[PDB]
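**Q** I have a structure I would like to understand better, so I am pasting it below and will then ask my questions one at a time.
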Amino acid sequence: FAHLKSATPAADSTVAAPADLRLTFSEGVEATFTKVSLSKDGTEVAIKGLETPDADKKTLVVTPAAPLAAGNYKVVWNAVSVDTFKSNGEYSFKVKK
């Protein structure tokens with residue numbers, strides 16, 4: 001099943017605001033059924049949508065509905081793999097001004 005292998009912004013990083021988050025999994029994931037929750041400083045922020053731009057479907061692109069301001073972010077993910085195995089996890093990062 002899909003485990004998170006890396007992300008941009010990276011886990012525990014402090015970065016300038018990114019236009020999207022990119023999560024790389026150990027297996028392909030289904031963008032239609034995967035779900036991601038993003039929160040800033042303990043409150044959910046809206047997500048516009050999810051994309052897997054590659055044929056192998058290992059990288060998931062998460063676009064917020066509005067630009068990411070500085071703050072402390074938590075990403076909660078619920079992946080459905082291309083073999084229909086569900087997994088879940090989380091990680092955090094910071095956006096600096």
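Identifiers in this document derive from the order of the structure tokens: chains are assigned A, B, ..., residues are numbered from 1 separately in each chain, and ligands are numbered from 1 in order of occurrence.
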How would you write, as an MDAnalysis selection string, the set of residues in segment 11-79 of chain A that DSSP gives as strand (DSSP E)?

**A** chainID A and resid 14:15 21:25 35:40 43:45 47:51 59:64 71:79

**Q** Could those residues be written to a file, using N, CA and C atoms, as a compact mmCIF listing (two decimals), in the first residue's frame?

**A**
```txt
# COMPACT_ATOMS: atom_id res chain seq x y z
N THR A 14 10.87 24.81 6.81
CA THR A 14 10.39 26.17 6.91
C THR A 14 10.66 26.83 5.57
N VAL A 15 9.62 27.20 4.83
CA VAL A 15 9.80 27.61 3.45
C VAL A 15 9.00 28.88 3.14
N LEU A 21 1.32 21.78 -2.85
CA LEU A 21 2.07 20.79 -2.10
C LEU A 21 2.20 19.56 -2.99
N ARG A 22 3.36 18.89 -2.94
CA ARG A 22 3.58 17.71 -3.75
C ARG A 22 4.02 16.57 -2.83
N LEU A 23 3.24 15.52 -2.82
CA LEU A 23 3.46 14.35 -1.93
C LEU A 23 3.88 13.19 -2.83
N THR A 24 5.01 12.55 -2.53
CA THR A 24 5.48 11.42 -3.36
C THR A 24 5.29 10.15 -2.51
N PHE A 25 4.54 9.20 -3.06
CA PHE A 25 4.22 7.94 -2.40
C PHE A 25 5.07 6.80 -2.97
N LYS A 35 -7.82 11.64 -0.29
CA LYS A 35 -8.29 12.87 0.31
C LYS A 35 -7.18 13.47 1.16
N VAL A 36 -7.04 14.79 1.10
CA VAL A 36 -6.01 15.50 1.89
C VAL A 36 -6.69 16.64 2.63
N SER A 37 -6.38 16.78 3.91
CA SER A 37 -6.84 17.87 4.73
C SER A 37 -5.62 18.72 5.09
N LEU A 38 -5.72 20.02 4.92
CA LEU A 38 -4.65 20.94 5.22
C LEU A 38 -5.16 21.90 6.27
N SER A 39 -4.37 22.12 7.31
CA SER A 39 -4.77 23.07 8.36
C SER A 39 -3.61 24.02 8.65
N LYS A 40 -3.96 25.27 8.92
CA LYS A 40 -3.01 26.25 9.35
C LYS A 40 -3.33 26.61 10.79
N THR A 43 -6.67 25.21 12.06
CA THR A 43 -7.97 25.41 11.37
C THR A 43 -7.81 24.97 9.90
N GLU A 44 -8.79 24.21 9.41
CA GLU A 44 -8.76 23.72 8.06
C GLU A 44 -8.78 24.87 7.06
N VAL A 45 -7.99 24.69 6.00
CA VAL A 45 -7.94 25.53 4.90
C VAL A 45 -8.47 24.77 3.67
N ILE A 47 -9.12 23.15 0.03
CA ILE A 47 -8.34 22.56 -1.04
C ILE A 47 -9.16 22.65 -2.33
N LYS A 48 -8.51 23.05 -3.41
CA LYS A 48 -9.17 23.20 -4.69
C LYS A 48 -9.26 21.85 -5.38
N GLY A 49 -8.21 21.06 -5.27
CA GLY A 49 -8.21 19.82 -5.92
C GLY A 49 -6.88 19.12 -5.83
N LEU A 50 -6.93 17.90 -6.37
CA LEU A 50 -5.83 16.96 -6.37
C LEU A 50 -5.52 16.50 -7.80
N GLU A 51 -4.24 16.29 -8.08
CA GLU A 51 -3.78 15.83 -9.41
C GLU A 51 -2.65 14.82 -9.22
N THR A 59 3.24 10.82 -7.54
CA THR A 59 3.27 12.15 -6.96
C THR A 59 1.87 12.74 -7.03
N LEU A 60 1.42 13.25 -5.87
CA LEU A 60 0.13 13.85 -5.73
C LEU A 60 0.30 15.35 -5.50
N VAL A 61 -0.36 16.20 -6.29
CA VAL A 61 -0.27 17.62 -6.18
C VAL A 61 -1.57 18.13 -5.54
N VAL A 62 -1.40 18.88 -4.45
CA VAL A 62 -2.49 19.39 -3.66
C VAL A 62 -2.50 20.91 -3.84
N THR A 63 -3.55 21.48 -4.46
CA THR A 63 -3.60 22.93 -4.66
C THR A 63 -4.59 23.52 -3.67
N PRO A 64 -4.17 24.50 -2.85
CA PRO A 64 -5.10 25.18 -1.93
C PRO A 64 -6.05 26.07 -2.75
N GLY A 71 2.55 30.58 8.39
CA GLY A 71 1.96 29.90 9.49
C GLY A 71 2.44 28.48 9.61
N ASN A 72 1.87 27.79 10.59
CA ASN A 72 2.21 26.42 10.88
C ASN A 72 1.18 25.47 10.25
N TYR A 73 1.61 24.61 9.30
CA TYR A 73 0.71 23.75 8.55
C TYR A 73 0.80 22.29 8.98
N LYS A 74 -0.35 21.60 8.95
CA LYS A 74 -0.42 20.17 9.13
C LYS A 74 -1.18 19.59 7.95
N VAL A 75 -0.61 18.55 7.34
CA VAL A 75 -1.17 17.82 6.23
C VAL A 75 -1.62 16.46 6.72
N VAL A 76 -2.90 16.16 6.60
CA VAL A 76 -3.42 14.89 6.94
C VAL A 76 -3.85 14.24 5.64
N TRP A 77 -3.27 13.09 5.30
CA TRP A 77 -3.59 12.46 4.05
C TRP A 77 -4.25 11.08 4.25
N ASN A 78 -5.15 10.76 3.30
CA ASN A 78 -5.85 9.50 3.27
C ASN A 78 -5.77 8.94 1.85
N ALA A 79 -4.78 8.10 1.58
CA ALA A 79 -4.46 7.68 0.22
C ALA A 79 -5.27 6.44 -0.13
```

**Q** Interatomic distance between atom CA of residue 57 of chain A and atom CA of residue 4 of chain A?

**A**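 Taking atom CA of residue 57 of chain A as the start and atom CA of residue 4 of chain A as the end point, the length is 12.8 Å.
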
**Q** To one decimal place in Å, what is the distance between atom CA of residue 55 of chain A and atom CA of residue 89 of chain A?

**A**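 Answer for the atom CA of residue 55 of chain A to atom CA of residue 89 of chain A separation: 23.4 Å.
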
**Q** Work out how far apart atom CA of residue 58 of chain A and atom CA of residue 31 of chain A are and give it in Å to one decimal.

**A**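 Going from atom CA of residue 58 of chain A over to atom CA of residue 31 of chain A covers 10.1 Å.
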
**Q** Which residue, A:82, A:2, A:11, A:29, has the smallest gap to residue 94 of chain A when you use only C-alpha atoms?

**A**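 Among A:82, A:2, A:11, A:29, it is A:11 that comes nearest to residue 94 of chain A.
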
**Q** Just the residues within 9 Å of residue 83 of chain A, please, counting only C-alpha atoms, with nothing from its chain fewer than 4 positions along; format it as an MDAnalysis selection string.

**A** chainID A and resid 1 27:29
